[PDB]
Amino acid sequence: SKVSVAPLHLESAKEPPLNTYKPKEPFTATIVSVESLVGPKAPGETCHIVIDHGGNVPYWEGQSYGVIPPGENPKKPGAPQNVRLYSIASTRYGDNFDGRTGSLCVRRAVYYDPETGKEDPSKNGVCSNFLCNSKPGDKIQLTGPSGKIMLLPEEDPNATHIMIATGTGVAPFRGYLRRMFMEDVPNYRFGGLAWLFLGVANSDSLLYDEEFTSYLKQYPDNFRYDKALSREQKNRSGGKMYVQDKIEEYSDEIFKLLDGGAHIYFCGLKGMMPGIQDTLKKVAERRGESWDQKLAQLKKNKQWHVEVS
């Protein structure tokens, strides 16, 4: 059955925490664990980082933590590094179900010369490698939490939530789905439909697949899960299989759900949004509908939730 979580007082706040810690005085959190999420054929390393905040930096699902990596700002001598934001991949209780930890899902940014393929560690991403190189006991300067765009609308516990992720964009949805399905949260009993679409390069690049597959077996009437493996599958037009192509496969169901009030969420690569928009326009056209008019209504009705970069 559902996993006991504590403390229940994390359900009491009526508003999300915001900017509890600020860059000039971050919270010094401690790494609990860092593990790779991916297999040897993944094009890059993505890691799962568990951070002990001690209950000092609570958050709601869908929010981000800021991390200030060590060092000086290259563009401002004497200044600390800029905050990098990471979407929290855990529920407010965290992976130890105790309200003391939060988790990040971090892609290592690695630079390769476009011509030679030669790696250049000096051009790698500072914070992502800092995080995935961390070890238990290391300290992390945390700020935030921040963000409200991806907060989960809970007013209707039987709402439909269609979640579209590319890569580490799956982060908030891991938290949504644990709250919907895994954790014993007496004041939020989800009875709607949650539908996760996840795009990753190949099978070795899947993130949390065992967890999501378990929900299909535990909640077959409330959870659907579709994957687009870009380098293992091709779309109807001959391009790599992206999430927009999986959305197209279920266009009639998705449009009906949206017309019925479903929320739809997009997280991950900013580059996926033009492709999604093009696909949805084409689907609407085939149905004799205007996508522009539909999207305007979804935005007016607060059904459309995008956080990409």
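Numbers follow the displayed sequence, beginning with 1.
Novice: Determine, for stretches 282-290 and 19-27, which one has the higher mean CA B-factor as deposited.
Specialist: For C-alpha atoms only, the mean B-factor is higher in 282-290.
Novice: Would 179-187 or 107-115 have the larger average of its C-alpha temperature factors, as given in the entry?
Specialist: Taking the mean B-factor of the alpha carbons in each, 107-115 is higher.
Novice: If I read the C-alpha B-factors straight from the PDB entry, which of 249, 52, 35, 61 is highest?
Specialist: That would be 249, according to the entry.
Novice: Say you rank 57, 276, 257, 47 by Cα B-factor from the PDB entry; which sits at the top?
Specialist: Among 57, 276, 257, 47, the highest C-alpha B-factor in the entry belongs to 276.
Novice: Lowest, middle or highest third: which one holds residue 229 when the chain's residues are ordered by CA B-factor from the entry?
Specialist: Highest third, going by the recorded CA B-factors of the chain.
Novice: For residue 98, does the deposited CA B-factor place it in the lowest, middle or highest third of the chain?
Specialist: Lowest third of the chain for residue 98's C-alpha B-factor.
Novice: Report the third (lowest, middle or highest) to which the CA temperature factor of residue 10 belongs, ranking only the modelled residues of the same chain.
Specialist: Lowest third.
Novice: Residue 201: which third of its chain by C-alpha temperature factor?
Specialist: Highest third of the chain for residue 201's C-alpha B-factor.
Novice: Going by the entry, which third of its chain does the Cα temperature factor of residue 217 land in?
Specialist: As the PDB entry reports it, the C-alpha B-factor of residue 217 lands in the highest third of its chain.
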